[PDB]
Structures are given as C-alpha cells and as structure tokens.
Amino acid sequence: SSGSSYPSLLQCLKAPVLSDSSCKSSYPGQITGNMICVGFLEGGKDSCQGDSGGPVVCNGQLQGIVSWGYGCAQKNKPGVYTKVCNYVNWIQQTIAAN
C-alpha cells in the first residue's frame, strides 16, 4: 500500500501556526483567507506529497488540512493548509443533511 516512496509507518510532526503576514510573504499572490501556514521558515520539517487531506491538530482541535506547498521542507516555503475554522458550518450542515 505504501508503493515506491511512501513510508509504511505513520509519521508525526510538531509545528507552529505561522502569522498571516509570514504566510503571504512566503507565497505572494497565492494565499486566500481560507489558508493558513504551519511549519518552519528555516525549512527542514514539513508535510509532503502523500500527506494531503490529513490533520493539523492544535490543543485537541482540527485546525488544518494538508493542502499544498512549494516543494517540501524548503526554506521560506512552509506548508499551506486549509483553514478548518472557516468551515465548521459547512461541515456540520453537510453532515446534517447527507
């Protein structure tokens, strides 16, 4: 199931939410209000291909969904995540009606 490049074992990473200013500075013209940056501006630690869809959990709450980035773990290019605190009503209403 892991194929040619993915690890067999689930991997974990502790990483901080970054300021909106740092996120837009890292990705000029590409950040909307529905995105947050999480990670390290120094690079070296990040999510990567195969992680998309997975969780960013802060103080027991789902705050991000792995989405995209330029490369992986590159300097000044932290991971970009779907901002889950924009979507609780979409999530709850979709579940309630389906």
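What we label the rigid core is the largest C-alpha set whose atoms superpose within 1.5 Å from one form to the other. In this text, residue numbers run from 1 along the sequence as written.
- Superposing on the core and measuring CA offsets in 4 other deposited structures of this protein, the stretch of 88-96 and 3-11 with the greater mean deviation is 3-11.
- The question of which stretch, 24-32 or 53-61, has the higher mean Cα B factor is settled in favour of 24-32.
- Mean CA B-factor, 6-14 versus 83-91: the higher value falls on 6-14.
- Placement of the Cα temperature factor of residue 38 within the chain: middle third of the modelled residues, per the deposited record.
- The entry lists a Cα temperature factor for residue 72 that places it in the highest third of the chain's modelled residues.
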